[PDB]
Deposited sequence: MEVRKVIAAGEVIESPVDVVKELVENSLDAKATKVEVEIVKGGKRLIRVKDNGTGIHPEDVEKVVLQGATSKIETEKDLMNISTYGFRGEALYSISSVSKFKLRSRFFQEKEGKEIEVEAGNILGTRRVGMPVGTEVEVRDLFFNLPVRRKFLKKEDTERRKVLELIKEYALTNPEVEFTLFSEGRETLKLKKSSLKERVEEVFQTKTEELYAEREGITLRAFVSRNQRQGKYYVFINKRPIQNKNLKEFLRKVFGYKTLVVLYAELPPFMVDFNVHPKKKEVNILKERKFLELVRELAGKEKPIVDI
């Protein structure tokens, strides 16, 4: 589950979206090797449940870091903070905060020196996190996402339509394409540096068989393909590639 800082971000941002956050703020320092912080405005965790959820994903994260989670439940005036180091609860505290949850993961794998030493360079880890937040942004257009890395605001995306969200992410104008129990919706831009993104139902799909086929029927083309299927095609993708101008 947790091999590097991007895995941590993934789990925290999933938790935020699970909690109906409309704003998710991510901050990384030293590529996430020093700090990973994820803050959301979702419904929070009741004080009675804060100690439980550390012990699943949070337990596995808290076991390999210096870990704080603070949360204010939508029904409570104050929040509660739990502090954990390598699985060992150091204590809890009442904290003033906004409704929502904020998790801080520091010194990832400090207890596992070889694993820390073999982590990729800061800039490599940074890009993985950037790509992951883009991925989440592309399927959550109603959600605001911000990314700070080494104190710079690297990504800021406000709530918008889906087409507006695509164009903000890829910094380009797209044409929207649609086809047909299968439904396909794609945003393409033809000049670019080819990039081929595939989402099936709501999830990002990395398959090499589909990508190279998108490169085949579409152009250096940006293709962002949202596919919906029943609990399980390529000729419909070829049909889709025939609608542009």
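Several segments of the deposited sequence are absent from the coordinates, namely 1 to 11, 67 to 89, 215 to 216, 229, 257, 271 to 290, 304 to 308.
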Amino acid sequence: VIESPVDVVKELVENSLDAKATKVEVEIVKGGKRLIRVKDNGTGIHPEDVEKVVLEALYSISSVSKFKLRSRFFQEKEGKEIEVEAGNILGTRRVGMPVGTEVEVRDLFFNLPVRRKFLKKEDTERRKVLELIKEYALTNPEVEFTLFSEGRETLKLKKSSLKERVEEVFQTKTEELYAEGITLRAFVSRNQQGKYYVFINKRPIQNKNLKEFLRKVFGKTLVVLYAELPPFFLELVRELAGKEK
From here on, numbers count along this sequence of modelled residues.
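If you average the C-alpha B-factors over 236 to 244 and over 3 to 11, the higher value belongs to 236 to 244. Mean CA temperature factor is higher for 82 to 90 when stretches 97 to 105 and 82 to 90 are set side by side in the entry. Taking the deposited Cα B-factors for 45, 205, 36, 58, the highest one is held by 205. Across the residues 67, 218, 187, 199, the deposited record lists the maximum Cα B factor for 218. Ranked against the other modelled residues of its chain, the C-alpha B-factor of residue 50 as given in the entry falls in the middle third.
In the deposited entry, the Cα temperature factor of residue 152 sits in the top third of values across the chain's modelled residues. Ranked by Cα temperature factor within the chain, residue 117 sits in the highest third according to the deposited record. In this PDB entry, residue 228 carries a Cα temperature factor that places it within the highest third of its chain's modelled residues. In the deposited entry, the Cα temperature factor of residue 176 places it in the middle third of its chain's modelled residues.
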